[PDB]
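Spelled out, the chains give:
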Amino acid sequence: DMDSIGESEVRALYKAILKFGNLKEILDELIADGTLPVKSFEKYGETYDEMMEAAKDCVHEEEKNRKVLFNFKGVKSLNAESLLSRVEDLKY
DNA sequence: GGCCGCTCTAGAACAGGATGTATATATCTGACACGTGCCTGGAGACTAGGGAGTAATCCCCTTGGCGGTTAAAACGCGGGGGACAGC
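Definitions and cut-offs
Counting starts from 1 on each chain and follows the sequence as written, independent of the entry's numbering; residues without coordinates are not shown. Both sets of labels track the order of writing: A upward for chains, 1 upward for ligands. These chains belong to a larger assembly; all numbers given describe just the chains displayed. Water and hydrogen atoms play no part in the side-chain values, which are based on all heavy atoms of the structure. Salt bridge, as used here, is a side-chain nitrogen of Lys or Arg placed within 4 Å of a carboxyl oxygen of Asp or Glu. Partly exposed residues are those whose accessible area sits between 20% and 50% of the maximum for their type, while under 20% is buried and over 50% is exposed, using a 1.4 Å probe and protein chains only. Residues belong to a common nonpolar core when they are buried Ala, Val, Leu, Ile, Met, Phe, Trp, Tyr or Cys residues joined through side-chain atoms within 4.5 Å. Secondary structure follows DSSP: runs of H or I at least 4 residues long count as helices, runs of E at least 2 residues long count as strands, and numbering of each begins at the N terminus. In what follows, residue pairs with any heavy atoms lying within 4.5 Å of each other are defined as contacts.

Deposited coordinates in this entry are attributed by the record to cryo-EM, at a stated resolution of 4.0 Å.

Per the PDB entry, chain A goes by Chromo domain-containing protein 1 and derives from Saccharomyces cerevisiae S288C.

Laid out in structure tokens, this is it:
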């Protein structure tokens, strides 16, 4: 199962990173406290990085548009700007 | 020095998650039927001896009749006891 990701896990990850930024430090605790259902740590890591890159791409698409929700694996429960800002702000 | 734009706050709408309940769908459970394979019993064939069947004769038993006598059965009558209904 560890290579799959469920929409409930997409939700839980999205909320987690909305609260905590680069979860991959904490992420073991976030599984151990049950915030995230059990999955491969590597899979959560890569799908996090993937959506960070997709958020950057969304910002490039905004730049293309002028010169906000976007899906993960079709799951619409995601937006770029909140995550990107929250992650960098909480890191700082 | 003035006005408009930008930012923040407030209200409204929509969606998702959480929880409980109902309904539909799937799975199990069981028995019957059919198919397959193997083994055993039945079927077929042949012979010899014994049992059954057939025939005759004789003897004993059973059936039928007669007569008389005796006991049993049938008819009769009255009274008592038991059975039946009630409470």
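Having seen it, we continue.
**Quick notes on the pattern of salt bridges**
For the structure shown, the criterion picks out 11 salt bridges. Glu-63 serves as the salt-bridge partner of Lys-67, at 3.1 Å between the closest nitrogen and oxygen. When its relative accessible area of 31% is taken as the criterion, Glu-63 is described as partly exposed. Each of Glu-62, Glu-63, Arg-66 and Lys-67 takes part in a single network of salt bridges with overlapping partners.

**With respect to the nonpolar core**
Residues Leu-23, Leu-36, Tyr-44, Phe-70, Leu-78 and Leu-83 are the most contacted members of the largest nonpolar core, which totals 27 residues. Of all elements in the fold, only α1 (7-20), α2 (27-32), α3 (41-66) and α4 (80-91) reach the threshold of two or more residues within this core. In this view, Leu-36 contacts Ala-12, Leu-13, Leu-23, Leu-27, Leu-30, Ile-31 and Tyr-44; residues no more than four positions away in its chain are not counted.

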